[PDB]
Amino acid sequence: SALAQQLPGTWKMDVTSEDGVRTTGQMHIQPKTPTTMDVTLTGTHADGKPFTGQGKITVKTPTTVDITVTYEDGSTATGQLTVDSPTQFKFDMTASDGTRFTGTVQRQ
């Protein structure tokens, strides 16, 4: 599919919580199966402390994929990536405590 060909690579995260907290990072998507992919999220939170997360990306529609990430401290978040352009997906994830981040991932 198109998602399986486009998603692999390195992307810049640029998201904002519902309370206005902006955080960036790197999303590294690696192929695994024709419909599932490995993903690694790295960067620093708004307090400057680093974060590291690894998870799975699963295709949901020809234009959307599910994404689930477990961070190093055991925190878990699930969300969706939606294709927006040849170089951009919409990013929308929610942590277990209800904190929601919306934004983009752009190809790097």
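The numbering used is simple: start at 1 and walk along the sequence shown.
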Out of 20-28 and 91-99, which stretch has the higher average CA B-factor listed in the record? 91-99
If you average the CA temperature factors over each stretch, which comes out higher, 59-67 or 29-37? 29-37
B-factor third for the C-alpha atom of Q80 within its chain: middle
What third of its chain's C-alpha B-factors does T104 belong to: lowest, middle or highest? lowest
Place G74 in the lowest, middle or highest third of its chain's C-alpha B-factors, as listed in the PDB entry. highest
